[PDB]
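Colleague: Before I ask anything, let me first share the structure, which is written out below as structure tokens.
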Amino acid sequence: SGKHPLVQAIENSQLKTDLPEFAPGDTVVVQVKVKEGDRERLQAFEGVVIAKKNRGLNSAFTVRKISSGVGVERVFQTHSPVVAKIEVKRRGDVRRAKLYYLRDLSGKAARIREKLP
Amino acid sequence: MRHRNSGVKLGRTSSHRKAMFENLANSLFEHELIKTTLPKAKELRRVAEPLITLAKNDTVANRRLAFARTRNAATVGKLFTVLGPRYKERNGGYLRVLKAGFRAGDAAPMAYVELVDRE
Amino acid sequence: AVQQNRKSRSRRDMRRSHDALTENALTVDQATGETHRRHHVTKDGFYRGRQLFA
Amino acid sequence: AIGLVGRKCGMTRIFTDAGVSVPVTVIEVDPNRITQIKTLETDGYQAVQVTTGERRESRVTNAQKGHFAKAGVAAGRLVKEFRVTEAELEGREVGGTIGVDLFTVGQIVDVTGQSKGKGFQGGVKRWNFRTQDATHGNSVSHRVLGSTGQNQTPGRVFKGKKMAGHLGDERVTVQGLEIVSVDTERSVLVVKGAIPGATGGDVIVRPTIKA
Amino acid sequence: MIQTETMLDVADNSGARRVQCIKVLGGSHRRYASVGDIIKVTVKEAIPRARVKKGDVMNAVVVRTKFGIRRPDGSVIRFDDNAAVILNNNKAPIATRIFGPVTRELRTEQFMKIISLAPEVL
RNA sequence: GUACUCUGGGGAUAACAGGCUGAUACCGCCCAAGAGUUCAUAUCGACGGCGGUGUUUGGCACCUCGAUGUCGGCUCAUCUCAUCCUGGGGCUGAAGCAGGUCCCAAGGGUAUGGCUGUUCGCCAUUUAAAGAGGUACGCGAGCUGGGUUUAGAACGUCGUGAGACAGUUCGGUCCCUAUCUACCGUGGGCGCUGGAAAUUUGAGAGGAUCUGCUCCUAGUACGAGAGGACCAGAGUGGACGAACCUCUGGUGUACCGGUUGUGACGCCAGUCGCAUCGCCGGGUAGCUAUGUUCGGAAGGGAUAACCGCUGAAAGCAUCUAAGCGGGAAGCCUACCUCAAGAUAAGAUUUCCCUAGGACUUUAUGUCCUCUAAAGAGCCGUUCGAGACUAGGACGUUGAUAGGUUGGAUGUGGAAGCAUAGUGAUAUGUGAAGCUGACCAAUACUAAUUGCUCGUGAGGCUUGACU
RNA sequence: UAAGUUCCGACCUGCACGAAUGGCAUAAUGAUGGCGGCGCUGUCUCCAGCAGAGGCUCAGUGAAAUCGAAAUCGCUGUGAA
RNA sequence: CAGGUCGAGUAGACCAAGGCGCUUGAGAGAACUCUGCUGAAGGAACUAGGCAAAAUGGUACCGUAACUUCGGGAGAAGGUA
RNA sequence: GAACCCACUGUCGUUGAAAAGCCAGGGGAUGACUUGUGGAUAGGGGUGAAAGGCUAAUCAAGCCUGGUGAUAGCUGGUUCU
RNA sequence: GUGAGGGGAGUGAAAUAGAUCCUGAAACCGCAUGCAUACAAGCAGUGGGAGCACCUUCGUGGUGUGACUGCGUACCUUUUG
């Protein structure tokens, strides 16, 4: 809430109201709308959350995964309508907010240990 | 450009500046009335007033934070036993800065820094 | 780089035509009656009635 | 044509139902009050003078106080003029009000403002000059202008030569912006893209001149 | 964001393994090539006994970049490598297999072959 | 012999650049044997002839030897047109697509690399295109110093030798704080027919001006086939430019944390100083590009080459002599910015000042007393404005700055205590603690009492209304 | 090498090599001359932000080379050109 | 002559005994210059030339080519804790 | 590889802090080594692991004083009507 | 400021003969009065010439200034120039 009240109201008009709670280190599945011609479908994107930005309507989060030996990162905008659903498969335990050190690790080295209740 | 930036330089390194302002705050809390240059006096508010705000509440953690910021046992004791109870009900503004002419040696503008209820 | 001709006294004075000094803002303090610099404490420690030194 | 005077409030985004993110600028508009109408018979051209905002009486001078009292409107923080023709001039009277309903969603407009001030700037920033090599024996000549002219012929520097000087803080107009939202409850215009100036600056919104 | 002297992996099996960009095509003074752009490459490393050999100068299309690509909602997708696919003189793919994921900016009539062969698409 | 050198002199006399000239160089024109199945003139054109320019190689020795100190590169340019691309045309041995040649046209645009000290050149891959020239072969008191041209050394060659070169090779000090003109920015003074606060017209000046590809017309016109359009419409790029920071990132030495060595705070615990911010991981505002958005659209008027209508001189013919048209990225407008020091100093709205004496130089006269307006400034709190200035906001009838309270963000589980462990450690209290510059409230602190400047109805002549 | 007036191998019509003004080689050594690679990078595409020292303003002290005299504009022409 | 903690050390960081803060200051936080730190994607495309910068760097152990005057080359290269 | 002795590269400095330096890198570092004190060699002479190098900030013939007011077919200057 | 420096008083023929003191020129630097000067381009003068201020024998006079205007590219040396 570092903006003017008018801007705050305009952005608050568009907020989503059904997000789940998730934190860096958790592995999530995101359903992304894919819209070709007049076919519409949901496509899955599963991976580890390495960064989270809390800025109201400007919130974003970064998901990293390995696809056939090639690493891929995507920065989703949390309140975008193209993001259909977020599902938290598993909760991870880490010691910091940004996990950029995972880019230089592969295989056994980049394992995240689980948060236990 | 320095659009919307805060803080001063005063021709010093950062650690030298921090040490100088700590010394000034300690002298002010000891004597209750000091004379210095006008830019130093105006910047001293942002360093000295939060110490009183912190000393309003007396706990072990608050005393250790005050000692971390001042490194003076006598200053910590006076803050937590005299100044904080004195200013418990005042909403900020514990200092007053008054223009006091110029300095003979180099014509630098000068100011008095005073605690609000000194004596 | 240096002048090819000496500069005349007329041009020298024309350059100095912007060097005049200016008076300060002085005001008679009502509490004590003495002339003091505006927005400043007087020489004996008075400002808006309150006194600094016992 | 007839336009509006408003204040820049900041940037944000709008999400479309397809999911596209549109960057937008918010302009807050206090309804403009007409103070004077200028005509051919008395002034020699046709314009509408408006005021907006608020100003305290201790800061309003006596001449301006009389000028506002003649029209019967409250003193504003600024006064502006819009050049108009007969058709646009029809319908407007001294003491009337112009609001955000002057514009419609989807309309193309031009926005004028005062750009941010950068101060004294050099050739590299002000004119996109290229720097000289950082190494290979260079002697204190990394961001300098270089050559500024020819030899004995013509033996001078031409007018308009690009040099160092003040940059920014000028009147700038951006054309071809689209109106995204017209909020009458809040008296707000939401336009697509960036507009000149800083937050809190005064801006002018007019219908597009390119067709 | 590919320029000259940039080395790229080959995301196919035409024979090359590493290629070097020597020209960005499509305009005077054009600096960078992104996903979906045509470049001229020289072959630096190749599997022995294959159609392509070292020192060949060919056309290629960029399919993966480390700099990334923006999407209409404001997102960005980044990959861990820079990769390309070799083309012929008519700017058509010549490979019979493709390695690794790719992007939707290739949905042009020129580039159906790579997606049709590709295993993984996001 | 002197390149290990020295003194007195010369622009009386050479090398660079300027000057005069134009043999030479480049460009244009006249005649036309002929070539072109025939047909000099679609396109070339022998033997000869006449000019233009001042980019070449030269001639002279007028300026400079009490110094005009540079081969190429870098940075920054400005002009010409004998035009490289884009625009408009005539002819063609012009079917179409292309091409050739000539005329008009200077608005904009007009490669990256390998080799070499190179300019040049060759080569690779692009582009719509990679034009020719002048500006001290533009630019070294703006940078460099690889080549040439000091002193060291070597090879080939010449000389008995000191030494030398239609040669080669390794190494080898680039000074100057800007007075005047010019230029880029930013102020002070006075003027503008009494003074003041604002809003303005535009004589004029500057900026901008580029272009590819795909679809469609239409596989249509044309053509044996292969190939394949003019005109007229959409879309999407390259380069260039401007504004901005919502998004993606960079920085973020006054924000948070981990950790090594050492010293100290009496000691444990907890902290701080120093070691490049000690090192390392993140990161708020602000600034910023590689990020985002926008621009070169459309339309008028006069024309260039060229094409006309009607029409005589000259009963025909003829775009011209009378008269009437079309015609280009070029010109004037049009778009953006500046603009009345435009001394020709413009216009509109509103506001302010309506007192007495003495005298003579009897005049918008000079001196006394009273008066001090509308406003401006000094000063203070300051700014997304700034070198100093200038500009914007506010000064108690107040949110201008700091502080305080709340929120937001970032970091990531504070100290103390208690549990489980022999211990390093872990868990709970509790997503806690701390949080520069951000948002919103709030007179707690500082914007005090003030002073200076600016006056007292604004000459005369003529004219029209009163 | 995509592209090599430099580099390496070989050829030999050696303008004008050649045997103690030594000829041809040679392990090790060289702040020695030429060429090519890996790693690495603001050298560069193309620069951005930040820290310190100057620059700028105020108070104090206070130089320099130069200099016939100056009321010291543009253009085209003339003229020790 | 020359102490303490680490250390092979009289190297290095921080300290002891003992000495000092270097004879103009105060503000501001523009261009440009000097000295530093970090930098997206690319990685010599720069340039006469990788100039400058960036990078490597300790102890123990394993391993180590051509060539050789048999000494070397060699800490070759490379790797683990 | 420190002290010590040198001087290969670059930036800065060039009316400098300095009439040859600072900073970051660099070479030798038990030897043909570095260094203190006191002596010897004197100008067509000395000394030189040799650059015409050095011989008191001076070297293809040191400095000082005399011959001496050297000579100059050269340059400059030459005063009231 | 028990300073430096000065103002009175006093000495002396004279103190603007007052101590680096006879006379006290020029370059150079101030203050005061009169006139001119902020729309106009250049060796700064010269030949004309309105207005203003003071003096005055009141003038066909004297002193200072100089709006506007015609003409006008320093001196010396050395040279064909």
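Order determines the names: the first chain of the structure tokens is A, the second B, and so forth; residues in each chain are numbered 1 upward, and ligands are numbered 1 upward as they are shown.
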Running DSSP on the backbone, which parts of chain C land in alpha helix (DSSP H), as a list in words?

Modeller: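 Written out, the alpha helix (DSSP H) residues of chain C are residues 9, 10, 11, 12, 13, 14, 15 and 16 of chain C.
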
Colleague: Applying 12 Å and only C-alpha atoms (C1' of nucleotides), which residues near residue 45 in chain C remain after dropping the ones on its own chain fewer than 3 positions away? List them as a PyMOL selection string.

Modeller: (chain B and resi 98-101+111-112) or (chain C and resi 29+31-32+34+36+40-42+48-54)

Colleague: If you measure from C1' of residue 19 in chain I to CA of residue 3 in chain C, what distance in Å do you get, rounded to one decimal?

Modeller: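 Separation of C1' of residue 19 in chain I and CA of residue 3 in chain C: 28.1 Å.
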
Colleague: So which bits of chain B end up strand (DSSP E) when you DSSP the backbone, as a list in words?

Modeller: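 Everything in chain B that counts as strand (DSSP E) is residues 33, 34, 35, 36, 37, 95, 96, 97, 98, 99, 100, 101, 102, 109, 110, 111, 112, 113, 114 and 115 of chain B.
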
Colleague: Could you list, as a PyMOL selection string, every residue within 9 Å of range 92-102 of chain A, counting only C-alpha atoms (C1' of nucleotides) and ignoring same-chain residues fewer than 3 positions away?

Modeller: (chain A and resi 23-27+49-52+105-106+109-116) or (chain F and resi 257+281-282+411-412)

Colleague: As a PDB file with N, CA, C and O atoms (P, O5', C5', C4', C3', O3' and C1' of nucleotides), in the first residue's frame, please: the residues near range 33-41 of chain G (cut-off 9 Å, only C-alpha atoms (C1' of nucleotides), same-chain neighbours under 3 positions excluded).

Modeller:
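Result file is part.pdb:
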```pdb
ATOM      1  P     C F 170      60.138  -6.063 -36.789  1.00  0.00           P
ATOM      2  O5'   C F 170      60.799  -5.830 -35.361  1.00  0.00           O
ATOM      3  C5'   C F 170      60.870  -6.884 -34.418  1.00  0.00           C
ATOM      4  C4'   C F 170      61.839  -6.582 -33.305  1.00  0.00           C
ATOM      5  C3'   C F 170      61.540  -5.370 -32.445  1.00  0.00           C
ATOM      6  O3'   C F 170      60.503  -5.570 -31.504  1.00  0.00           O
ATOM      7  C1'   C F 170      63.826  -5.386 -32.991  1.00  0.00           C
TER       8        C F 170
ATOM      9  P     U G   6      52.326 -12.227 -45.731  1.00  0.00           P
ATOM     10  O5'   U G   6      52.178 -12.090 -44.151  1.00  0.00           O
ATOM     11  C5'   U G   6      52.823 -11.046 -43.439  1.00  0.00           C
ATOM     12  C4'   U G   6      52.620 -11.183 -41.952  1.00  0.00           C
ATOM     13  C3'   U G   6      53.071 -12.498 -41.336  1.00  0.00           C
ATOM     14  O3'   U G   6      54.463 -12.563 -41.090  1.00  0.00           O
ATOM     15  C1'   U G   6      50.900 -12.008 -40.582  1.00  0.00           C
ATOM     16  P     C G   7      55.272 -13.928 -41.342  1.00  0.00           P
ATOM     17  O5'   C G   7      54.510 -15.010 -40.456  1.00  0.00           O
ATOM     18  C5'   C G   7      54.635 -15.027 -39.043  1.00  0.00           C
ATOM     19  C4'   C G   7      53.970 -16.239 -38.442  1.00  0.00           C
ATOM     20  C3'   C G   7      54.492 -17.584 -38.918  1.00  0.00           C
ATOM     21  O3'   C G   7      55.661 -17.980 -38.225  1.00  0.00           O
ATOM     22  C1'   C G   7      52.122 -17.587 -38.954  1.00  0.00           C
ATOM     23  P     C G   8      56.833 -18.769 -38.983  1.00  0.00           P
ATOM     24  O5'   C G   8      56.246 -20.231 -39.178  1.00  0.00           O
ATOM     25  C5'   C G   8      56.020 -21.081 -38.066  1.00  0.00           C
ATOM     26  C4'   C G   8      55.390 -22.381 -38.493  1.00  0.00           C
ATOM     27  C3'   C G   8      56.071 -23.098 -39.646  1.00  0.00           C
ATOM     28  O3'   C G   8      57.202 -23.847 -39.244  1.00  0.00           O
ATOM     29  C1'   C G   8      53.741 -23.042 -40.018  1.00  0.00           C
TER      30        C G   8
ATOM     31  P     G H  43      28.678 -16.504 -25.891  1.00  0.00           P
ATOM     32  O5'   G H  43      30.064 -15.728 -25.905  1.00  0.00           O
ATOM     33  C5'   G H  43      30.522 -15.054 -27.072  1.00  0.00           C
ATOM     34  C4'   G H  43      31.662 -14.118 -26.759  1.00  0.00           C
ATOM     35  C3'   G H  43      32.943 -14.798 -26.278  1.00  0.00           C
ATOM     36  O3'   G H  43      34.072 -14.040 -26.711  1.00  0.00           O
ATOM     37  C1'   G H  43      32.147 -13.347 -24.597  1.00  0.00           C
ATOM     38  P     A H  53      45.354  -3.553 -14.602  1.00  0.00           P
ATOM     39  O5'   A H  53      43.883  -4.165 -14.656  1.00  0.00           O
ATOM     40  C5'   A H  53      42.760  -3.453 -14.151  1.00  0.00           C
ATOM     41  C4'   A H  53      41.464  -4.047 -14.648  1.00  0.00           C
ATOM     42  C3'   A H  53      41.084  -5.407 -14.075  1.00  0.00           C
ATOM     43  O3'   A H  53      40.406  -5.307 -12.834  1.00  0.00           O
ATOM     44  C1'   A H  53      40.915  -5.475 -16.425  1.00  0.00           C
ATOM     45  P     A H  54      40.500  -6.484 -11.744  1.00  0.00           P
ATOM     46  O5'   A H  54      39.790  -7.727 -12.438  1.00  0.00           O
ATOM     47  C5'   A H  54      38.376  -7.861 -12.455  1.00  0.00           C
ATOM     48  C4'   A H  54      37.952  -9.020 -13.322  1.00  0.00           C
ATOM     49  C3'   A H  54      38.374 -10.401 -12.840  1.00  0.00           C
ATOM     50  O3'   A H  54      37.494 -10.942 -11.871  1.00  0.00           O
ATOM     51  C1'   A H  54      38.948 -10.163 -15.114  1.00  0.00           C
ATOM     52  P     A H  55      38.060 -11.794 -10.632  1.00  0.00           P
ATOM     53  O5'   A H  55      38.709 -13.084 -11.301  1.00  0.00           O
ATOM     54  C5'   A H  55      37.906 -14.090 -11.902  1.00  0.00           C
ATOM     55  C4'   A H  55      38.745 -15.066 -12.688  1.00  0.00           C
ATOM     56  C3'   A H  55      39.726 -15.900 -11.878  1.00  0.00           C
ATOM     57  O3'   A H  55      39.120 -17.050 -11.314  1.00  0.00           O
ATOM     58  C1'   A H  55      40.837 -14.958 -13.739  1.00  0.00           C
TER      59        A H  55
END
```

Colleague: Can you pull out every residue within 10 Å of residue 28 in chain C, counting only C-alpha atoms (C1' of nucleotides), but drop anything in the same chain fewer than 4 positions away, and send it as a list in words?

Modeller: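 The residues satisfying every condition are residues 32, 33, 34, 35, 36, 37 and 38 of chain C; 449, 450 and 451 of chain F.
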
Colleague: Write the residues of the selection above to a file with N, CA, C and O atoms (P, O5', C5', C4', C3', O3' and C1' of nucleotides), as a PDB file, in the first residue's frame.

Modeller:
```pdb
ATOM      1  N   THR C  32      12.985  41.902  24.280  1.00  0.00           N
ATOM      2  CA  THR C  32      14.118  42.577  24.899  1.00  0.00           C
ATOM      3  C   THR C  32      14.416  43.955  24.332  1.00  0.00           C
ATOM      4  O   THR C  32      15.123  44.726  24.987  1.00  0.00           O
ATOM      5  N   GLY C  33      13.911  44.287  23.145  1.00  0.00           N
ATOM      6  CA  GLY C  33      14.129  45.589  22.554  1.00  0.00           C
ATOM      7  C   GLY C  33      15.397  45.728  21.739  1.00  0.00           C
ATOM      8  O   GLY C  33      15.611  46.787  21.137  1.00  0.00           O
ATOM      9  N   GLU C  34      16.240  44.700  21.695  1.00  0.00           N
ATOM     10  CA  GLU C  34      17.507  44.802  20.983  1.00  0.00           C
ATOM     11  C   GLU C  34      17.342  44.411  19.521  1.00  0.00           C
ATOM     12  O   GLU C  34      16.454  43.634  19.163  1.00  0.00           O
ATOM     13  N   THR C  35      18.204  44.961  18.672  1.00  0.00           N
ATOM     14  CA  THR C  35      18.245  44.541  17.280  1.00  0.00           C
ATOM     15  C   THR C  35      18.928  43.186  17.160  1.00  0.00           C
ATOM     16  O   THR C  35      20.026  42.978  17.678  1.00  0.00           O
ATOM     17  N   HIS C  36      18.269  42.257  16.471  1.00  0.00           N
ATOM     18  CA  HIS C  36      18.816  40.925  16.265  1.00  0.00           C
ATOM     19  C   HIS C  36      18.574  40.499  14.825  1.00  0.00           C
ATOM     20  O   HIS C  36      17.774  41.097  14.105  1.00  0.00           O
ATOM     21  N   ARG C  37      19.289  39.459  14.410  1.00  0.00           N
ATOM     22  CA  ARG C  37      19.072  38.885  13.091  1.00  0.00           C
ATOM     23  C   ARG C  37      17.775  38.085  13.086  1.00  0.00           C
ATOM     24  O   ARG C  37      17.500  37.326  14.019  1.00  0.00           O
ATOM     25  N   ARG C  38      16.976  38.267  12.038  1.00  0.00           N
ATOM     26  CA  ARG C  38      15.659  37.648  11.973  1.00  0.00           C
ATOM     27  C   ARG C  38      15.768  36.129  11.999  1.00  0.00           C
ATOM     28  O   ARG C  38      16.638  35.547  11.346  1.00  0.00           O
TER      29      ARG C  38
ATOM     30  P     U F 449       4.137  37.064  13.116  1.00  0.00           P
ATOM     31  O5'   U F 449       4.640  38.220  14.089  1.00  0.00           O
ATOM     32  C5'   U F 449       3.975  38.483  15.317  1.00  0.00           C
ATOM     33  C4'   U F 449       4.764  39.429  16.187  1.00  0.00           C
ATOM     34  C3'   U F 449       5.156  40.749  15.548  1.00  0.00           C
ATOM     35  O3'   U F 449       4.106  41.696  15.497  1.00  0.00           O
ATOM     36  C1'   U F 449       7.033  39.833  16.635  1.00  0.00           C
ATOM     37  P     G F 450       3.948  42.608  14.186  1.00  0.00           P
ATOM     38  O5'   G F 450       5.430  43.130  13.925  1.00  0.00           O
ATOM     39  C5'   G F 450       5.845  43.575  12.644  1.00  0.00           C
ATOM     40  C4'   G F 450       7.329  43.383  12.454  1.00  0.00           C
ATOM     41  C3'   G F 450       7.965  44.205  11.346  1.00  0.00           C
ATOM     42  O3'   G F 450       8.278  45.520  11.772  1.00  0.00           O
ATOM     43  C1'   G F 450       8.695  41.954  11.192  1.00  0.00           C
ATOM     44  P     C F 451       7.798  46.799  10.929  1.00  0.00           P
ATOM     45  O5'   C F 451       8.968  47.029   9.874  1.00  0.00           O
ATOM     46  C5'   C F 451      10.298  47.280  10.302  1.00  0.00           C
ATOM     47  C4'   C F 451      11.306  46.856   9.265  1.00  0.00           C
ATOM     48  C3'   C F 451      11.213  47.549   7.916  1.00  0.00           C
ATOM     49  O3'   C F 451      11.836  48.821   7.909  1.00  0.00           O
ATOM     50  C1'   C F 451      11.450  45.216   7.597  1.00  0.00           C
TER      51        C F 451
END
```

Colleague: Any chance you could tabulate, as JSON lines, the residues of chain F at most 6 Å from chain A with each one's nearest atom pair and distance in Å to one decimal, using only C-alpha atoms (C1' of nucleotides), in chain and rising number order?

Modeller:
```
{"residue": "F:408", "atom": "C1'", "partner": "A:1", "partner_atom": "CA", "distance": 4.5}
{"residue": "F:438", "atom": "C1'", "partner": "A:2", "partner_atom": "CA", "distance": 4.9}
{"residue": "F:439", "atom": "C1'", "partner": "A:2", "partner_atom": "CA", "distance": 4.4}
```

Colleague: Write the residues you've just listed into a file as a PDB file, in the first residue's frame, and include N, CA, C and O atoms (P, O5', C5', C4', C3', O3' and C1' of nucleotides) for each of them.

Modeller:
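Output contents, as saved in again-v6.pdb:
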```pdb
ATOM      1  P     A F 408      -0.534  -4.372   6.619  1.00  0.00           P
ATOM      2  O5'   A F 408       0.345  -3.952   5.361  1.00  0.00           O
ATOM      3  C5'   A F 408      -0.260  -3.702   4.102  1.00  0.00           C
ATOM      4  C4'   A F 408       0.711  -3.068   3.139  1.00  0.00           C
ATOM      5  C3'   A F 408       1.984  -3.849   2.863  1.00  0.00           C
ATOM      6  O3'   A F 408       1.803  -4.889   1.918  1.00  0.00           O
ATOM      7  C1'   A F 408       2.530  -1.601   3.304  1.00  0.00           C
ATOM      8  P     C F 438       9.775   9.289   0.778  1.00  0.00           P
ATOM      9  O5'   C F 438       8.836   8.043   0.466  1.00  0.00           O
ATOM     10  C5'   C F 438       8.671   7.565  -0.860  1.00  0.00           C
ATOM     11  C4'   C F 438       7.513   6.604  -0.970  1.00  0.00           C
ATOM     12  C3'   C F 438       6.196   7.065  -0.370  1.00  0.00           C
ATOM     13  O3'   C F 438       5.485   7.939  -1.226  1.00  0.00           O
ATOM     14  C1'   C F 438       6.623   4.825   0.268  1.00  0.00           C
ATOM     15  P     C F 439       4.514   9.070  -0.625  1.00  0.00           P
ATOM     16  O5'   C F 439       3.221   8.267  -0.162  1.00  0.00           O
ATOM     17  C5'   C F 439       2.368   7.640  -1.107  1.00  0.00           C
ATOM     18  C4'   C F 439       1.238   6.912  -0.426  1.00  0.00           C
ATOM     19  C3'   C F 439       0.433   7.723   0.573  1.00  0.00           C
ATOM     20  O3'   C F 439      -0.545   8.542  -0.042  1.00  0.00           O
ATOM     21  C1'   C F 439       0.995   5.642   1.531  1.00  0.00           C
TER      22        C F 439
END
```

Colleague: Contacts of residue 200 in chain D at 8 Å or less, counting only C-alpha atoms (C1' of nucleotides), minus same-chain residues fewer than 2 places along, as a PyMOL selection string?

Modeller: chain D and resi 7-9+198+202

Colleague: As a VMD selection string, please: the residues near residue 91 in chain E (cut-off 12 Å, only C-alpha atoms (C1' of nucleotides), same-chain neighbours under 5 positions excluded).

Modeller: chain E and resid 37 to 40 58 to 61 85 to 86 109 to 111

Colleague: What does the file look like for those residues with C-alpha atoms, as a compact mmCIF listing (two decimals), in the first residue's frame?

Modeller:
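Result written to result12.txt:
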```
# COMPACT_ATOMS: atom_id res chain seq x y z
CA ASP E 37 14.43 -15.49 -36.13
CA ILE E 38 16.68 -16.65 -38.96
CA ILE E 39 20.46 -16.49 -38.56
CA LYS E 40 23.53 -17.53 -40.51
CA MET E 58 24.11 -22.66 -43.20
CA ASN E 59 20.83 -21.10 -42.11
CA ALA E 60 19.29 -21.69 -38.69
CA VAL E 61 16.28 -20.68 -36.60
CA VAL E 85 17.65 -25.83 -35.60
CA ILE E 86 19.36 -26.08 -39.00
CA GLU E 109 3.44 -22.36 -41.62
CA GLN E 110 7.23 -22.34 -41.96
CA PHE E 111 7.81 -24.19 -38.66
```

Colleague: At a cut-off of 9 Å, list the chain D residues touching chain G, using only C-alpha atoms (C1' of nucleotides), as a PyMOL selection string.

Modeller: chain D and resi 130+133-136

Colleague: Near chain G, meaning an atom within 6 Å, which residues of chain C appear when counting only C-alpha atoms (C1' of nucleotides)? Write them as number ranges by chain.

Modeller: C: 2-6

Colleague: Considering only C-alpha atoms (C1' of nucleotides), extract the chain H residues located within 8 Å of chain B and return them as a PyMOL selection string.

Modeller: chain H and resi 25-27+29-30

Colleague: Those selected residues, please, written with C-alpha atoms (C1' of nucleotides) and delivered as a PDB file, in the first residue's frame.

Modeller:
```pdb
ATOM      1  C1'   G H  25      37.537  25.183   6.794  1.00  0.00           C
ATOM      2  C1'   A H  26      31.797  25.033   6.150  1.00  0.00           C
ATOM      3  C1'   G H  27      28.024  23.556   2.633  1.00  0.00           C
ATOM      4  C1'   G H  29      25.692  16.296  -3.824  1.00  0.00           C
ATOM      5  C1'   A H  30      25.032  19.235 -11.894  1.00  0.00           C
TER       6        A H  30
END
```

Colleague: Provide as number ranges by chain the residues of chain F at most 10 Å from chain D, counting only C-alpha atoms (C1' of nucleotides).

Modeller: F: 74-78, 135-136, 138-139, 142-145, 181-186, 196-201, 206, 242-247, 292-295, 297-299, 335-337, 347-352, 374-375, 384-387, 394, 397

Colleague: Should the cut-off be 10 Å, what would the residue list for chain E against chain G look like, counting only C-alpha atoms (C1' of nucleotides), as a list in words?

Modeller: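 Output check: residues 3, 4, 22, 31, 32, 40, 41, 42, 43, 55, 56, 57 and 58 of chain E.
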
Colleague: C1' of residue 354 in chain F and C1' of residue 195 in chain F, how far apart in Å?

Modeller: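 These atoms are spaced 15.5 Å apart.
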
Colleague: Show me a table, sorted first by chain and then by increasing residue number, of the residues of chain I having an atom at most 12 Å from chain D, each with its shortest atom pair and the distance in Å to one decimal, counting only C-alpha atoms (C1' of nucleotides) and written as JSON lines.

Modeller:
```
{"residue": "I:10", "atom": "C1'", "partner": "D:137", "partner_atom": "CA", "distance": 8.7}
{"residue": "I:11", "atom": "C1'", "partner": "D:137", "partner_atom": "CA", "distance": 8.9}
{"residue": "I:12", "atom": "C1'", "partner": "D:139", "partner_atom": "CA", "distance": 9.8}
```

Colleague: Within 9 Å of chain B, which residues belong to chain G? Use only C-alpha atoms (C1' of nucleotides) and report them as a list in words.

Modeller: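 That gives the following set of residues: residues 51, 52, 58, 59 and 60 of chain G.
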
Colleague: What's the separation between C1' of residue 45 in chain J and CA of residue 10 in chain C, in Å to one decimal place?

Modeller: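 Computed distance, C1' of residue 45 in chain J to CA of residue 10 in chain C, equals 19.7 Å.
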